[PDB]
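Peer 1: Contents of query.txt (compact mmCIF, C-alpha atoms) are below:
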# COMPACT_ATOMS: atom_id res chain seq x y z
CA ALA S 2 -47.19 105.87 178.99
CA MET S 3 -44.28 108.30 178.90
CA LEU S 4 -43.06 106.51 175.76
CA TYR S 5 -46.40 106.94 174.02
CA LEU S 6 -46.23 110.67 174.60
CA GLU S 7 -42.76 110.80 173.09
CA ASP S 8 -44.18 109.10 170.00
CA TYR S 9 -47.16 111.44 170.12
CA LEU S 10 -44.76 114.35 170.48
CA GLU S 11 -42.64 112.85 167.68
CA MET S 12 -45.64 112.62 165.32
CA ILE S 13 -46.71 116.27 165.89
CA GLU S 14 -43.27 117.71 165.07
CA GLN S 15 -43.28 116.14 161.58
CA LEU S 16 -46.30 118.17 160.70
CA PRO S 17 -45.92 121.57 159.00
CA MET S 18 -46.71 124.52 161.24
CA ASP S 19 -49.51 125.14 158.68
CA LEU S 20 -51.60 122.22 159.90
CA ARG S 21 -50.55 122.02 163.57
CA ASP S 22 -51.58 125.63 164.13
CA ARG S 23 -55.06 125.06 162.63
CA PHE S 24 -55.52 121.94 164.77
CA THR S 25 -54.73 123.69 168.01
CA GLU S 26 -56.85 126.55 166.65
CA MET S 27 -59.79 124.17 166.29
CA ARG S 28 -58.89 122.85 169.79
CA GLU S 29 -59.26 126.36 171.23
CA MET S 30 -62.50 126.83 169.33
CA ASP S 31 -63.97 123.64 170.75
CA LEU S 32 -62.94 124.77 174.24
CA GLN S 33 -64.80 128.02 173.53
CA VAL S 34 -67.93 126.09 172.52
CA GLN S 35 -67.91 123.96 175.66
CA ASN S 36 -67.58 127.13 177.75
CA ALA S 37 -70.44 128.89 175.95
CA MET S 38 -72.65 125.85 176.58
CA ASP S 39 -71.71 125.91 180.26
CA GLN S 40 -72.79 129.51 180.76
CA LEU S 41 -75.97 128.71 178.82
CA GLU S 42 -76.79 125.73 181.05
CA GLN S 43 -76.34 128.02 184.07
CA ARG S 44 -78.53 130.77 182.64
CA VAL S 45 -81.14 128.05 181.98
CA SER S 46 -81.30 126.53 185.44
CA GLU S 47 -81.48 130.04 186.88
CA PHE S 48 -84.44 130.68 184.61
CA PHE S 49 -86.06 127.60 186.14
CA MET S 50 -84.89 128.48 189.67
CA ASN S 51 -85.81 132.14 190.22
CA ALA S 52 -88.59 132.14 187.60
CA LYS S 53 -91.55 133.78 189.33
CA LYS S 54 -89.13 135.36 191.82
CA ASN S 55 -87.52 138.69 190.90
CA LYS S 56 -90.74 139.26 188.88
CA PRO S 57 -91.66 137.63 185.55
CA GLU S 58 -89.95 140.45 183.61
CA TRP S 59 -86.73 138.74 184.69
CA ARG S 60 -87.40 136.44 181.71
CA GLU S 61 -86.54 139.36 179.41
CA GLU S 62 -82.96 139.84 180.59
CA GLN S 63 -82.56 136.11 181.19
CA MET S 64 -84.01 134.79 177.94
CA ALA S 65 -82.07 137.44 176.04
CA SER S 66 -78.89 136.17 177.72
CA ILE S 67 -79.80 132.55 176.94
CA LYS S 68 -80.31 133.39 173.26
CA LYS S 69 -77.01 135.32 173.30
CA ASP S 70 -75.06 132.38 174.75
CA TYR S 71 -76.66 129.89 172.34
CA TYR S 72 -75.89 132.05 169.30
CA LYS S 73 -72.34 132.49 170.52
CA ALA S 74 -71.74 128.77 170.71
CA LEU S 75 -73.32 128.28 167.29
CA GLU S 76 -70.96 130.87 165.79
CA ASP S 77 -67.98 129.22 167.50
CA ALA S 78 -68.97 125.82 166.04
CA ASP S 79 -69.43 127.30 162.59
CA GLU S 80 -65.90 128.60 163.04
CA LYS S 81 -64.53 125.12 163.84
CA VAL S 82 -66.37 124.03 160.72
CA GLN S 83 -64.50 126.66 158.68
CA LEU S 84 -61.21 125.57 160.28
CA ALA S 85 -61.73 121.93 159.39
CA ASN S 86 -62.40 123.00 155.83
CA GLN S 87 -59.13 124.91 155.94
CA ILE S 88 -57.22 121.90 157.22
CA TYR S 89 -58.87 119.84 154.46
CA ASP S 90 -57.67 122.08 151.65
CA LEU S 91 -54.24 122.38 153.26
CA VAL S 92 -53.90 118.61 153.33
CA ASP S 93 -54.84 118.62 149.62
CA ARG S 94 -52.27 121.31 148.82
CA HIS S 95 -49.31 119.69 150.65
CA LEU S 96 -50.39 116.39 149.01
CA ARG S 97 -50.42 117.55 145.41
CA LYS S 98 -47.13 119.31 146.10
CA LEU S 99 -45.47 116.05 147.13
CA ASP S 100 -47.09 114.01 144.35
CA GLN S 101 -45.69 115.99 141.44
CA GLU S 102 -42.30 115.71 143.21
CA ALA P 2 -63.50 124.68 197.93
CA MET P 3 -65.64 122.27 195.88
CA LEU P 4 -68.60 124.62 196.61
CA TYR P 5 -68.38 125.06 192.83
CA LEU P 6 -69.54 121.44 192.57
CA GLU P 7 -72.37 121.48 195.11
CA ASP P 8 -73.54 124.70 193.43
CA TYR P 9 -73.38 122.89 190.08
CA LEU P 10 -75.39 120.09 191.71
CA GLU P 11 -78.22 122.43 192.72
CA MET P 12 -77.74 124.01 189.26
CA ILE P 13 -78.43 120.81 187.34
CA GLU P 14 -81.26 119.63 189.58
CA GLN P 15 -83.26 122.71 188.53
CA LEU P 16 -83.42 121.43 184.96
CA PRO P 17 -86.24 119.19 183.66
CA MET P 18 -85.34 115.67 182.54
CA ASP P 19 -85.31 116.31 178.78
CA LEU P 20 -82.89 119.22 179.19
CA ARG P 21 -80.56 117.34 181.56
CA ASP P 22 -80.17 114.39 179.17
CA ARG P 23 -79.56 116.57 176.13
CA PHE P 24 -76.77 118.37 178.00
CA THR P 25 -75.13 115.13 179.12
CA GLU P 26 -75.45 113.71 175.59
CA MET P 27 -73.69 116.88 174.51
CA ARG P 28 -70.79 116.28 176.87
CA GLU P 29 -70.41 112.74 175.51
CA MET P 30 -70.30 114.14 172.02
CA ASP P 31 -67.59 116.65 172.97
CA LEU P 32 -65.36 113.84 174.12
CA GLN P 33 -65.97 112.01 170.86
CA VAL P 34 -65.10 115.22 168.94
CA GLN P 35 -61.81 115.55 170.77
CA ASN P 36 -60.96 111.99 169.85
CA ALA P 37 -61.88 112.43 166.19
CA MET P 38 -59.72 115.56 165.95
CA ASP P 39 -56.93 113.68 167.64
CA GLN P 40 -57.03 110.59 165.46
CA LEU P 41 -57.22 112.78 162.35
CA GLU P 42 -54.09 114.78 163.29
CA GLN P 43 -52.21 111.55 163.87
CA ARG P 44 -53.06 110.09 160.47
CA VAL P 45 -52.15 113.42 158.87
CA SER P 46 -48.69 113.64 160.45
CA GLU P 47 -47.93 109.94 159.99
CA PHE P 48 -48.92 110.19 156.38
CA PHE P 49 -46.56 113.16 155.88
CA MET P 50 -43.76 111.39 157.77
CA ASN P 51 -43.97 108.18 155.76
CA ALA P 52 -45.28 109.79 152.57
CA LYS P 53 -42.24 109.56 150.28
CA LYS P 54 -40.97 106.22 151.60
CA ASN P 55 -44.06 104.12 150.83
CA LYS P 56 -45.77 103.10 147.62
CA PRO P 57 -48.60 104.93 145.74
CA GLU P 58 -51.08 102.44 147.15
CA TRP P 59 -50.04 103.24 150.72
CA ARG P 60 -50.52 106.95 150.00
CA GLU P 61 -54.04 106.31 148.67
CA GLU P 62 -54.89 104.12 151.67
CA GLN P 63 -53.67 106.59 154.27
CA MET P 64 -55.56 109.27 152.39
CA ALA P 65 -58.81 107.32 152.43
CA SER P 66 -58.41 106.73 156.17
CA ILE P 67 -57.65 110.43 156.64
CA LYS P 68 -60.76 111.37 154.67
CA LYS P 69 -62.73 108.98 156.83
CA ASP P 70 -61.49 110.51 160.08
CA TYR P 71 -62.21 113.95 158.61
CA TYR P 72 -65.82 113.26 157.70
CA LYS P 73 -66.18 111.25 160.89
CA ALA P 74 -65.15 114.31 162.88
CA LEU P 75 -67.34 116.56 160.82
CA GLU P 76 -70.39 114.42 161.52
CA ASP P 77 -69.78 114.51 165.28
CA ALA P 78 -69.57 118.29 165.24
CA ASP P 79 -72.93 118.35 163.51
CA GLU P 80 -74.50 116.08 166.12
CA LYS P 81 -73.24 118.31 168.90
CA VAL P 82 -74.75 121.26 167.00
CA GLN P 83 -78.05 119.40 166.56
CA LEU P 84 -78.10 118.69 170.32
CA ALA P 85 -77.67 122.39 171.08
CA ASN P 86 -80.64 123.21 168.87
CA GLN P 87 -82.75 120.60 170.68
CA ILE P 88 -81.83 122.18 174.01
CA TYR P 89 -82.79 125.67 172.89
CA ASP P 90 -86.17 124.42 171.64
CA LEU P 91 -86.90 122.68 174.95
CA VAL P 92 -86.01 125.92 176.75
CA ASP P 93 -88.31 128.27 174.89
CA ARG P 94 -91.09 125.65 175.07
CA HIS P 95 -90.70 125.57 178.89
CA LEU P 96 -91.12 129.36 178.68
CA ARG P 97 -94.21 129.25 176.41
CA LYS P 98 -95.83 126.98 179.02
CA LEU P 99 -95.65 129.88 181.49
Go ahead and render the structure in this file as structure tokens.
Peer 2:
Amino acid sequence: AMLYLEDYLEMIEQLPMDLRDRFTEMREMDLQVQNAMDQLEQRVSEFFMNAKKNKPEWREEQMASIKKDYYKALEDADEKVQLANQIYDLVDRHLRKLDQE
Amino acid sequence: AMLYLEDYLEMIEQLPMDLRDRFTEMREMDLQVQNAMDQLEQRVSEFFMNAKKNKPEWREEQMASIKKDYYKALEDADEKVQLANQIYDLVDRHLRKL
């Protein structure tokens, strides 16, 4: 409980700001993705809800917004992908450093 | 107060079955992502902490486990991605029907 957090806390501190920052950065990115998907889900059930109501040209604005949200999330996930690559190479670099030492 | 949650109820219930399940699968995958990230961080820091103290073998073992967790994670992110694409397909199909 509280002691496991101390150990968890402990663990994080022995990690160069290099890595820790990219992890929380990935954290934030994942949060962003979840949020984008939420607004998409809402756009979608409104599509199904109103639908014929508010005319059928409502699909234009709606579907455009759906595509926008979806693309946004995709870009955010591609960004987490980049960040994980970064963390990967930064592992490798700190590694090699220690090995020839 | 929780009107946000009754509204989300009515929200969800407007979706067809396919779409609902893909979204809930997605949420499951998010959780799994958060755990993979977590676990990976922990092996990384622990490996740094105990890097110099332990033997070459221990370094190689921790590194293999780290690599695991990494690819692990990476796979989950792809599945979440994949789910999002399925959802978008189902959506524009439910439009092409109308």
Peer 1: Can you list every residue of chain S that has an atom at most 8 Å from chain P, with its nearest atom pair and the distance in Å to one decimal, using all atoms listed in the file, ordered by chain then number, as CSV?
Peer 2:
residue,atom,partner,partner_atom,distance
S:12,CA,P:46,CA,5.8
S:13,CA,P:46,CA,6.4
S:15,CA,P:46,CA,6.1
S:16,CA,P:46,CA,5.1
S:24,CA,P:42,CA,7.4
S:28,CA,P:35,CA,7.9
S:35,CA,P:31,CA,7.8
S:42,CA,P:24,CA,8.0
S:43,CA,P:12,CA,6.7
S:45,CA,P:92,CA,7.5
S:46,CA,P:15,CA,5.3
S:47,CA,P:12,CA,7.5
S:49,CA,P:15,CA,6.1
S:50,CA,P:15,CA,6.1
S:71,CA,P:89,CA,7.5
S:75,CA,P:82,CA,7.2
S:78,CA,P:82,CA,7.4
S:82,CA,P:75,CA,7.5
S:85,CA,P:75,CA,7.9
S:89,CA,P:71,CA,7.9
S:92,CA,P:45,CA,7.8
S:99,CA,P:53,CA,7.9
Peer 1: Which distance in Å separates atom CA of residue P:36 and atom CA of residue P:56, to one decimal?
Peer 2: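 Straight-line distance from atom CA of residue P:36 to atom CA of residue P:56 works out to 28.4 Å.
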Peer 1: Could you tell me how far atom CA of residue P:37 sits from atom CA of residue S:21, in Å to one decimal place?
Peer 2: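 Distance reported for this atom pair: 15.1 Å.
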Peer 1: Atom CA of residue S:48 and atom CA of residue S:73 are how many Å apart?
Peer 2: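 Straight-line distance from atom CA of residue S:48 to atom CA of residue S:73 works out to 18.7 Å.
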Peer 1: First collect every listed atom of stretch 34-46 of chain P; then fit an axis-aligned box around them, widen it by 3 Å on each side, and give centre and edge lengths in Å to one decimal, as AutoDock Vina command-line options.
Peer 2:
--center_x -56.9 --center_y 112.8 --center_z 164.8 --size_x 22.4 --size_y 11.5 --size_z 17.9
